Amino acid sequence: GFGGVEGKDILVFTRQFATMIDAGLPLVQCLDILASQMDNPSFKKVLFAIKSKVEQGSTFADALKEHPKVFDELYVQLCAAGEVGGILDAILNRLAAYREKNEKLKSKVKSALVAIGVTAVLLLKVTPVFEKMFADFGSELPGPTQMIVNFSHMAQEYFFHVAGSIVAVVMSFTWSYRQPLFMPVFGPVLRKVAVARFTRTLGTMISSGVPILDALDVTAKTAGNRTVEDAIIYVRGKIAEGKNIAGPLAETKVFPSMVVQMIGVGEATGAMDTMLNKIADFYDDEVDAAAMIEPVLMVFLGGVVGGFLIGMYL
Amino acid sequence: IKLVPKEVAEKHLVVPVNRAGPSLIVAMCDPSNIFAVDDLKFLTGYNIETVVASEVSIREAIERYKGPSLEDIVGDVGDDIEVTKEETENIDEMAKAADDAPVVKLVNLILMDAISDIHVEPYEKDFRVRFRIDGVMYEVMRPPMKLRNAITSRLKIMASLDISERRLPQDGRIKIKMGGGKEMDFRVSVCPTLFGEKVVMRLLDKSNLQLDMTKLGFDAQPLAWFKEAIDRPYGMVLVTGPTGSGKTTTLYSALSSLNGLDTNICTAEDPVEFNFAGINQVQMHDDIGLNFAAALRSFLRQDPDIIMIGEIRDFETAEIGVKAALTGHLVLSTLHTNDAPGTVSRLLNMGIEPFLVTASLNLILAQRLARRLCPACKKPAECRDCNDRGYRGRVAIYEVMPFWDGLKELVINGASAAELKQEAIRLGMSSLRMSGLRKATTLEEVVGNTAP
Amino acid sequence: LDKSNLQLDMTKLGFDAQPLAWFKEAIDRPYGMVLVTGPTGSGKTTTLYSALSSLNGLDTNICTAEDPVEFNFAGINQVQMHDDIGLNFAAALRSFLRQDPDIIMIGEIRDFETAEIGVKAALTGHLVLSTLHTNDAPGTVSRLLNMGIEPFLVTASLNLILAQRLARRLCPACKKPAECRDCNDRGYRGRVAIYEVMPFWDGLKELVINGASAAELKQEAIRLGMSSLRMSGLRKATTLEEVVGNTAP
Amino acid sequence: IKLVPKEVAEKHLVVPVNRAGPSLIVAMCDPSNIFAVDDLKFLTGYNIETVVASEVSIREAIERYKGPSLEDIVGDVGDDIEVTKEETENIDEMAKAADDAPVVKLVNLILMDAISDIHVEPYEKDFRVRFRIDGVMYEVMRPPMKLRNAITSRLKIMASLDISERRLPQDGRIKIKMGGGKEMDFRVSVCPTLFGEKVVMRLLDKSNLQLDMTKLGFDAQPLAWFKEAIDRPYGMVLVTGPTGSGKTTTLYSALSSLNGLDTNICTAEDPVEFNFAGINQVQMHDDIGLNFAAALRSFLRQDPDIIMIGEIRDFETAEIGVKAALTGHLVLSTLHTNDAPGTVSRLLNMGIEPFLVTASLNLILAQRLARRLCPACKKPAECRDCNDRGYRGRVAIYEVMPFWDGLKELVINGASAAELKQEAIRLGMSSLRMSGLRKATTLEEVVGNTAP
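The structure is reproduced here in structure tokens:
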């Protein structure tokens, strides 16, 4: 018996492979880099073993088959479908987006059938069960009827409470579904997520040995947010013209003073790889902290429960 | 891997082993058997690429498809280099008793996988080598991408470094437990090497030529005695010659031939070439980002009785060298040039003066390659540097020995015993004379007998 | 370009005379180092690739460092090396000279920190070859000396320098080797001692020998070696694979 | 450690003390006793390496018993050099009472691990030394890689520096608490030293050599009188010499020999080496983040009659120094070089001109090491700097004394009494003459008697 790896940790590693492979590095060199940039041993250890099979000439799909407890049949088949069709790059991008959506969805049920499914049944009916069970403590409560009425009339009068229960359900479903003119002012710009991804990708390609300009040309093709893609094309154009990396960044609001000042050190130090790796880890942890997706649950959780109980009493 | 029935593989002793560039790689013991080959062609419907293999190795691979190994691998107490090889081996034997309950002594492969030039250029390319007599030849050893990658990490790791796509090239050194070294260049993936991963190994197996080379008629015994002397009282010498003429060999010969057991010697090379059978010796090699001058500069700093510079090529080190000579160390080195304006020109052009070099340089040998149709001859064409001249042409040189090629003879050309007198007293000078006329091929033994 | 690499079959194109190509064939066998100089698009890279491709390099370890692939060679003992992100040309040459190349090919010298490694490789006694953007002798030498190699090291250890051209006569497109044997340095000097073997007259589209003598190209370790050079001089099928295939023999 | 029965160890007075390179190290008092040795060989079944020890020391070790050490190590209050050795030792004794409840006085090893030339070349190579009478000899001390590495860090740290694969070579100095010094070259790993880590130590041993060293034939009494003079009227001097010719010793000798009781002297060193038996003296040492120039710059600021700079190595301080010479202080210092282009080159390359140095530098001594087989000789090879020349070659130098090595003699070479005249007058010049011919080994006493 062996377990997989965390949702976070699959995420980081699938993202960073998709990024390196779409950069045109050799698959074995992609594998080496993410292993060598890893913080947990179990990841660095596996990825050396996956790479060891790839250097014997096996496909990535067949190399991941050595860890079926970590990469399930659906993951390998996605890889292998990409390898068979000549689309390994775009299926890894798909898998990275998949792993990101999976981790975010995990944090965000749990915060405040897997665990998400069992916890989501369990939260969706907790209250409405409470409710039915206070309303089953005997007869002649607030709002009931006597049991001798005809059933249809008894059930229709309680319709109030059947309704307050369904509304309670709809609410906890909404919290679980949501929760996992200046025209340019209205466009979605770069977020925290998109800066964290950028920084990880660049930290990744620099630590591997790619120059800054080669890493930026790859990244400018793999950036999801259009306004950031436009930002990064401008940063790369500025750097390729001979402007200093920290100065192309300083023109764009999305990079704080600390980010620019830290990058500006990294330029003079030949340590940009790592400046970016520490920036990226800082951002990835700020991202996963960012907490209102769990407090607003609980607001609607007990607020609806209490609204039911109040409802019939009155 | 895939064949027709396992039975057919065993009967015909053949085994497919890969599929590449629309062809099935077939390892075959009897490649002259057109019946078997045509049977495989028809049954597979695939075009074949035939590879000859030893019958029992093919049979072994058929039955395995490296198992006993697949388990002995998960034994951390084996790979550990901290453990002496003598004991480690024992574990592998006893652990192997698991299967059949004996000790196998000397599993060739199980050991082969746990415990002068090799060129390994790419994927599915036969290795080439430089043989001590045969030179560049092709070899029966090829590795496909997986095996290449595995070798590549193996060699990288044993040399103490971590090659990866992030750090794809690697220039290290393997330390064979027998204190023997080897220079390893190495590349992972295809990022710098499109032809795939690759490695090269320049083995330090030298067997440095000895003074036994008055066999080869290169230097006369008399002159070698004069140099033996010279090197004992710390006369500094440079070996000059065109390329392929003898410089390094001759140098290494002169140091190797002397008993250097009682003096601290002390060498700076861009790569190893010098072998010496002597104990008081520090060997220093240029590493990434170090100039020759860094190592000499910091080395002269300790107390070398003798300093050997492989060959002067940045003259910022040259300068340190001739400075070492003027302290009064015994310095020796090599220089690419064919006569006296060749060197002096060559030496003066990064800023040492001929007063410092010629004044503190004692002897300059000039080496050659003479051939007469097919004899290949390396001879010391000729030089005693007396000093400088005030108001001059400078470099005062007294030519002791010339080499006449017409008769293949070394002539003395106006050298007198009064020249090589340069001794501190009468007893010293007498010792030089005795070594002059009074003073077994292997270097170890020769050093061993000059030692005495 | 259009490529798949031009061969010595290009005495068809009148670029280099067969005699000179034999002299280079020789030259490249005893490891005389050569740089192909020429203005932009005179044929430097093509000519280079032609000279290496035309030789049998099956018995020698060759060994190339390029910023991107351009060099095709039909030879087995060969290591092809390409600049990657964040590597200087010098990183790859520096670490490559380290192994045992009989022949080193540098696509084109453009950081002269690599240039320096290259001419160092020439002085250990490798056979080095490369390309340089320039149109005559002050062009190159100037160009070579300006990141700190001296002409004693380059000119002293550089053997031959070809100069390539584009000649146009209305609509013919002609690429010719305009001309150079580097003898060495001079003590107290102007330095670069150069003996011009072949010039190209454009008026008649002819290659003339200009004061070269057989006593010049003598530079041989001996009699038998020198004799081999002579035979290749006068004694020594368009595709590269086949041409290599037939120089191999 | 392990033996057969404790009784057998005590009866035969032998004790195993380690196991290394498949052999049992056995400390043995009677190594001629083949019966006892063969008994140990048979009973242990191990191959032996015999080490002779004094009988009572072996007995003491048997009863006392790398373990007691394995625990006393985790005692930070021991390694701390800030603590006086007198007290530190006490802790080690009392802490050792833990095992058997006594005080052991003088654990040789426990102390040996807590509190003229040594050559340590590589892994598993016997150390060599230069003995005061025997010269180059082999030694019974070898360290394998682990022990080498440990020594190497030990020596590195005690000298105040941090050797590592990032900074593999190290040229520092150990300050023995007896104020004594030693030059230490050192290399970690094998990156510069393929033969492994290595170290060299050229021992000083000090308490500082005096003018009593016309015993050692280094400088003639006449010249020392001339320098005595010279230093009294504030002629500035630099001691040049190749590595370990005696620069610092000679310097310290010249300052120490003079009565400096009536003049404010004033020294800036990277570490202490200078001992002076004089009262008006300010000793200044480079600290973290200070350049030599910071201390000289701010020091010249007060009123030193005499300024001593240990050795000029950042020439931004050199510049301050020669500036101090031109205001008219008496400055003195050391420089690594072997002759005149050596220094002048060396001095001019951070931007002092020879008008400023040579014009304001008065005398330059050149020191040497002369070897005649096993004598170790340090001599002043030779220099009066007259000044500069307008339109020139510059540095006008009049060589007063040369040293002939052939006869080991100091010759006067064209110096006249009219040269050293440089006096403000007749009475001053007369005083110089008297000191010339008119003008007890310990420094304290010698200073004491030059004082008078």
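Chains as they are written, first to last, in PDB author numbering: chain Ca, 71 to 182, 191 to 258, 269 to 378, 384 to 407; chain Ba, 74 to 138, 142 to 191, 196 to 462, 490 to 546, 551 to 563; chain Bb, 284 to 462, 490 to 546, 551 to 563; chain Bf, 74 to 138, 142 to 191, 196 to 462, 490 to 546, 551 to 563. A virtual CB, placed ideally from N, CA and C, is assigned to each residue, including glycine.
Chain Bf residues whose Cβ lies nearer than 7 Å to that of residue i
| i | result |
| --- | --- |
| residue 470 (chain Ba) | Absent from the coordinates is residue 470 (chain Ba), which sits in the stretch where chain Ba moves from 462 straight to 490. |
| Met316 (chain Ba) | Within chain Bf, no residue comes near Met316 (chain Ba); the closest Cβ sits about 14 Å away, beyond 7 Å. |
Interface residues of chain Bb facing residue i [CB-CB closer than 9 Å]
| i | result |
| --- | --- |
| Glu530 (chain Ba) | Chain Bb residues near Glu530 (chain Ba): none, gap ~35 Å exceeds 9 Å. |
Reference residue i; option with closest CA among the options
| i | options | result |
| --- | --- | --- |
| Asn560 (chain Ba) | Ba:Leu291, Ba:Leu428 and Ba:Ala404 | Ba:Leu291 |
| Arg246 (chain Ba) | Ca:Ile161, Ca:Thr84, Ca:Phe370 and Ca:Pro299 | Ca:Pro299 |
| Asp394 (chain Ba) | Bb:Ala522, Bb:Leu338 and Bb:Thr407 | Bb:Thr407 |
| residue 193 (chain Bf) | Bf:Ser440, Bf:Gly401 and Bf:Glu204 | Regarding the residue in question, residue 193 (chain Bf) is not represented: chain Bf runs 191 and then 196, omitting everything in between. |
| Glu391 (chain Bf) | Bf:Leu449, Bf:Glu349 and Bf:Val424 | Bf:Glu349 |
| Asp311 (chain Bf) | Bf:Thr552, Bf:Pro421 and Bf:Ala405 | Bf:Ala405 |
| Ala375 (chain Bb) | Bb:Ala304, Bb:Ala551, Bb:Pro421 and Bb:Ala398 | Bb:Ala398 |
| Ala284 (chain Ca) | Ca:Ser254, Ca:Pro222, Ca:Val342 and Ca:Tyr255 | Ca:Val342 |
| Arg381 (chain Ba) | Ba:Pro351, Ba:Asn360, Ba:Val352 and Ba:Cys346 | Ba:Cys346 |
Alpha-carbon spacing of residue i relative to residue j, whole angstroms
| i | j | result |
| --- | --- | --- |
| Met391 (chain Ca) | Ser112 (chain Ca) | 36 Å |
| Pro563 (chain Ba) | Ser413 (chain Bf) | 46 Å |
| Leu335 (chain Bb) | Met188 (chain Ba) | 39 Å |
| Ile386 (chain Ca) | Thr315 (chain Ca) | 26 Å |
| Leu514 (chain Bf) | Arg212 (chain Bf) | 22 Å |
| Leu227 (chain Bf) | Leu185 (chain Bf) | 15 Å |
| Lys203 (chain Ca) | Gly352 (chain Ca) | 54 Å |
| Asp419 (chain Bb) | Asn494 (chain Bb) | 17 Å |
| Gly215 (chain Bf) | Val209 (chain Bf) | 7 Å |
| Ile80 (chain Ca) | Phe238 (chain Ca) | 47 Å |
| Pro388 (chain Ca) | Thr252 (chain Ca) | 14 Å |
| residue 141 (chain Ba) | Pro202 (chain Ba) | Gap in chain Ba between 138 and 142; residue 141 (chain Ba) lies inside it and carries no coordinates. |
| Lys114 (chain Ba) | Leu165 (chain Ca) | 41 Å |
| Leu544 (chain Bb) | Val557 (chain Ba) | 49 Å |
Interface partners of residue i on chain Bb, CB under 8 Å
| i | result |
| --- | --- |
| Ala303 (chain Ca) | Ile368 |
Under 7 Å from the C-beta of residue i: neighbouring residues of chain Ba
| i | result |
| --- | --- |
| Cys271 (chain Bf) | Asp367 |
| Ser378 (chain Bb) | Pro249, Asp251 and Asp265 |
Under 9 Å from the C-beta of residue i: neighbouring residues of chain Ba
| i | result |
| --- | --- |
| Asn344 (chain Bb) | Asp197, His199, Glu201, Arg208, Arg210, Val216 and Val280 |
| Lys458 (chain Bf) | Per Cβ cutoff of 9 Å: no residues; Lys458 (chain Bf) is ~12 Å from chain Ba at best. |
| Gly358 (chain Bb) | In chain order: nothing, as chain Ba lies at least about 10 Å away. |
Beta-carbon neighbours of residue i, restricted to chain Bb and to distances below 7 Å
| i | result |
| --- | --- |
| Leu274 (chain Ba) | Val352, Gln363 and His365 |
Please confirm if the segment 274-282 of chain Bf is in contact with the segment 338-358 of chain Bf, defined as three or more CB-CB distances below 8 Å between the two stretches.
-> Three or more beta-carbon pairs separated by less than 8 Å are not found between the segment 274-282 of chain Bf and the segment 338-358 of chain Bf, which leaves the two stretches without contact.
Considering only residues of the segment 90-119 of chain Ca, which uninterrupted alpha helix (DSSP H) runs meet the minimum length of 4 residues and lie entirely inside it, listed in chain order?
-> 97-106
Between the segment 85-98 of chain Ca and the segment 296-315 of chain Ca, do three or more beta carbon pairs fall short of 8 Å?
-> The segment 85-98 of chain Ca makes contact with the segment 296-315 of chain Ca: 3 or more CB pairs, one atom from each, lie closer than 8 Å.
Inter-stretch contact at 8 Å, needing at least 3 Cβ pairs: the segment 249-256 of chain Bf / the segment 265-279 of chain Bf | Yes: the two stretches touch, three or more of their Cβ pairs being nearer than 8 Å.
Inter-stretch contact at 8 Å, needing at least 3 Cβ pairs: the segment 202-213 of chain Ca / the segment 236-250 of chain Ca = yes
Count the C-beta pairs between the segment 292-305 of chain Ba and the segment 325-339 of chain Ba that are closer than 8 Å, then say yes if the count reaches three, no if not.
-> Short answer: they touch.
Between the segment 497-507 of chain Ba and the segment 434-446 of chain Ba, do three or more beta carbon pairs fall short of 8 Å?
-> Under the three-pair Cβ rule at 8 Å, the segment 497-507 of chain Ba counts as touching the segment 434-446 of chain Ba.
So, do the segment 379-386 of chain Bb and the segment 320-329 of chain Ca have three or more beta carbon pairs nearer to each other than 8 Å?
-> no
Count the CB pairs spanning the segment 268-275 of chain Ba and the segment 353-371 of chain Bb that are closer than 8 Å, and state whether there are at least three.
-> yes
For the 8 Å Cβ check, are there 3 or more pairs between the segment 114-133 of chain Bf and the segment 146-163 of chain Bf?
-> no
Secondary structure, beta strand (DSSP E): runs of 3+ residues fully inside the segment 394-447 of chain Ba | 410-416
Which runs of the alpha helix (DSSP H), 4 residues or longer, sit entirely within the segment 318-404 of chain Bb?
-> Listed in chain order, they are 327-337 and 372-377.
contact_flag[the segment 317-328 of chain Ba, the segment 160-180 of chain Bf] where n(CB pairs < 8 Å) is 3 or more = Segments in contact, no.
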